[PDB]
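Chains: A, B, C, D, E, F and G, in written order; residue numbering restarts at 1 for each.
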Amino acid sequence: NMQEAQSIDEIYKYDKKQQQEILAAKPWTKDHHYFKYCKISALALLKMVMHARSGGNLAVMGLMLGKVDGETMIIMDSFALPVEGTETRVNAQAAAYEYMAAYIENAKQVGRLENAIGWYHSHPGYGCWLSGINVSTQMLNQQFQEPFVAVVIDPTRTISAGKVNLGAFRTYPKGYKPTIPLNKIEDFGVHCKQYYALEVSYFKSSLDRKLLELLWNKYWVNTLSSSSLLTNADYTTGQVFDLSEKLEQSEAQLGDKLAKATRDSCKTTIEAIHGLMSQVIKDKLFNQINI
Amino acid sequence: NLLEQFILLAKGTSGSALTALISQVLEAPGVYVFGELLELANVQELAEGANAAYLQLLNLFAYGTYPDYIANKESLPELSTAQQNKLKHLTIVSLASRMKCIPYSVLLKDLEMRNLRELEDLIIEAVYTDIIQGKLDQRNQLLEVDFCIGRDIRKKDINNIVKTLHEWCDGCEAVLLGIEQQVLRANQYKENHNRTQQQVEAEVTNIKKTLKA
Amino acid sequence: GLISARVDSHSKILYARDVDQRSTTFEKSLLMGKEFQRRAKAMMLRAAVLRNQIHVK
Amino acid sequence: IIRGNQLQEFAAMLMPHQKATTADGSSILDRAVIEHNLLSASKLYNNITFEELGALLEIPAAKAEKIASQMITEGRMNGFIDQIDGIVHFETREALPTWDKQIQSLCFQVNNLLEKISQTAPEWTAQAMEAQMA
Amino acid sequence: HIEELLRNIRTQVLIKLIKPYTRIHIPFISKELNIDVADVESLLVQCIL
Amino acid sequence: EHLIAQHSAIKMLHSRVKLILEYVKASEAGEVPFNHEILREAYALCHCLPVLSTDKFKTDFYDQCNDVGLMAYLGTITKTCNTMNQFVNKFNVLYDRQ
Amino acid sequence: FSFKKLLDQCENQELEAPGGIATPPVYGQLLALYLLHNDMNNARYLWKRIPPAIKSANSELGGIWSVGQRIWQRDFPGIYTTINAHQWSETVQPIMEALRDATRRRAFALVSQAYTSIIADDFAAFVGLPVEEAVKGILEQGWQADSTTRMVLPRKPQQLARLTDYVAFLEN
């Protein structure tokens, strides 16, 4: 069951005509919040993470390759740049651009049919947000290269907490505003009203899943007995709290959001039913032997 | 490896020297399993003669417990205090092997102790030698053990362990079969729902095509 | 409901009773589910009767 | 649970200043040994009564409760103290994490036994594994 | 201002002593606080309120 | 996806158990030399199967099961509400105008 | 267990009839069985359904309705005195003994559930038996008694398939 292109690998197709039609029509010119979804390949995340950690506490960055399907940015590769940078400020003077177009020209022959879809930057341990000059960077990147998104990575937070600190951001055009609050400015920038985040999800290939499932498990009291359904109790409480506001906004709209709210609630209920199933299978495995 | 050293020194010893070595072994701290010493040929050969009481003592300390000794005090020779201590520790191990929550009354009756303080001191002394990892409870009078070292095994309980392992394997197989059946049912249900959706979509597209006449 | 207390009028003692969150939430959730099921049962029948257009003459 | 009837050797080799009392009815060595004994009892116990605690720490009675109260509110040992029943709670487990730790122990025992048996007779284990995987 | 004083010190003592316990006798508080049981109740009710 | 990871783990755990049982059987049959050290650890492992059969653990497990069941109820109802709203919206234009 | 099928067959025989009236034994058995199952509303409606002629012909139905009214008023000594006041036929004999011991068991359960301290005389009236043997008996089952004051203090007495069905239903 590998020769056929399943629903998992169907995203690995680069249709030149469809992308050309999308880039010619330009539906994003009218709707400012046109893009919402950001799908990212696994290996891009891997290369990004290893490049961020290889530089240590020095900021590193690169250009990513991908396409756009409707309102979803599908990124299929990451790439490193030969730049010199400090903890907070970088230049990318000439070496990056001497290894940017040359890399594209080289990749045109190996089989890489993708083009520039955005850039990722590593912020070492000071949040996932668009800086005061990075917002202008995405300003002039989007003003002429409309299919585009800025990716921000925190290496220190990911390496310490254990969760991927990834953020996909796009900015509003100058003039589109819709005194600063004290809760949306610490997790964002001082120009938080000038940019918004996009939902981020990842995809992989069928052979990737097959290799992962046979790589190494052990994980008997590491996964099969790990206080499941309980470790993310704070996550579930936060989710069940914000579904209240989601449903109340949906009801106000009724007096569409409701499908999104139902999907959001279904995700949590399915996750915790999976936790219950794991607990039940553990009970049937260990407790009920040798009565 | 105190037991290995003792059995090495006991290779050629026989007679009263053998009994003296046995008495030394039975009082040495840190030795709590008398496995390899008993299987030695000379120890079994001491069955004949007037020294069989020592062999019975070794058999009692290998598989038996304190009540067996106190019930057969008349024939077995007297022993030093450390040897009573080792027997009491082994009895605690045997009691914890069966049930993992030892009531205080059962332990007190079996070990023939007077007050709670002496029993608690004895049990903490047993714990201090890393034999078992347990918690003492005073409110409910229930010792809670977690890990206990296995004692000697005769050539009769192998059937029991084989039976238990076979039962565990059968349980694992049944669980795997149930998992397979459940995942198959889920897959077929999803497929059936998808086919139903496809059929209704085909019908609506057909009627839409027909309407434009 | 201003004072959450009970009166034991034999020894004349005013006891304070604290509510258990689990039992209250379970009971109210079950009651709401039953009411919703009854409401659905009624309204789907109403949908049928509106479909058949039944009225007095 | 080191006791006071085998600690005279340490007290013998003590400088006059290091041994001089704090004028609280007990020596500083008696302070240290009692505090260590109380901390040690806080591990291999779950909940104990004052009458029983008045044997590990010697002590008349309520002074053990005073020492236990002093131990808490200083970031040293966990657990609350009852006074109506005269029973002190050190720390209790909540069932399910104990189940996870038992899974820990059992599966590590299985893995260690497998490693030992593979290292004991490599030929037989190899034969059995290659027959099973067929 | 000695009535405002001699009061914060006793409240601080009560707060420090009440941290580890979970249920105690009022006379036990009375013994260490060096005041009658009624005043102990008054201090406790004021602190709770 | 949630089930196959459990299935593979249980499969190879059962394979380990089968290997241990096979060695015990072989030692009983005398094919391998009789070792008096592995059998004791195996006996302890055998004695350590019935983990935590106390009543407190059973009560906690049943509490967890009931909590998750009511969670599933609250979440099945919100989806049948979505289906109900969809049906009402569909019906409000075909058989009865406005 | 035979009472359930007896009720089923008697109800079927009552439902189909040349004129809606069955034999008087059928009425007696049906009413007695309704009383046995503690279903008073159906028994009363059946009694009101009986034509006047057949109910006036036999006093058996009158007596069984009298004990039915006694059950209705929940007067337990009335139950124990009415059930043994008339001589009954064979067709209704082997069901009223079951009624009597079922009501005795129900009274014992009610006393064990509701009452915490009950005078021995009232408890004996509820049971319907002399005080002495009831006192010794409740001594054996484990109810502490009290002499002098003469008081009784009774003491009060597969999954984964469903889960995968639920997850399949919710995943849509």
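In the analysis below, a residue touches a chain if its C-beta (ideal position, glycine included) is under 8 Å from a C-beta of that chain, and two chains touch if they have at least 3 such contacts.
A quick map from chain label to UniProt name: A = COP9 signalosome complex subunit 5; B = COP9 signalosome complex subunit 7b; G = COP9 signalosome complex subunit 8.
Asks: What's the minimum number of touch steps needed to get from chain D to chain G?
Replies: Steps on the shortest route: 2.
Asks: Most central chain by CA mean?
Replies: The most central chain, going by mean C-alpha position, is F.
Asks: Considering only mean CA positions as chain centres, point out the chain farthest from chain E.
Replies: Greatest centre separation from chain E goes to chain G.
Asks: Cα centroid separation between chain F and chain G, in whole Å?
Replies: 46
Asks: Quick check: how many Å separate the C-alpha centres of chain C and chain F?
Replies: 35
Asks: With chain centres taken as the means of their Cα atoms, state the distance from chain A to chain B in Å.
Replies: 51
Asks: When you check chain A against every other chain, which residues touch at least two of them?
Replies: In chain A, 220, 224, 266, 269, 273-274, 276-277, 280-281, 284-286, 289-290 touch at least two other chains.
Asks: Out of chain D, which residues touch more than one other chain, so two or more?
Replies: 96, 99, 102-103, 105-107
Asks: State which pairs of chains touch, listing all of them.
Replies: Result for touching pairs of chains: A-B, A-D, A-F, A-G, B-D, B-F, B-G, C-F, D-E, D-F, F-G.
Asks: Of all residues in chain D, which touch chain F in the complex?
Replies: On the chain D side, the touching residues are 94-96, 98-99, 102-103, 105-107, 109-114, 116-117, 120-121, 124-125, 128-129, 132.
Asks: Can you list the residues on chain D that touch chain A in the complex?
Replies: 96-97, 99-100, 103-104, 106-107
Asks: What residues of chain E sit close enough to touch chain D in their complex?
Replies: Answer in residue numbers: 16-17, 19-25, 28.
Asks: If we count contacts the way the header does, which residues on chain G are in touch with chain F in the complex?
Replies: 166, 169-170, 172
Asks: Which of the residues in chain B end up touching chain G in this complex?
Replies: That would be residues 178-179, 182-183, 185-186, 189-190, 193 of chain B.
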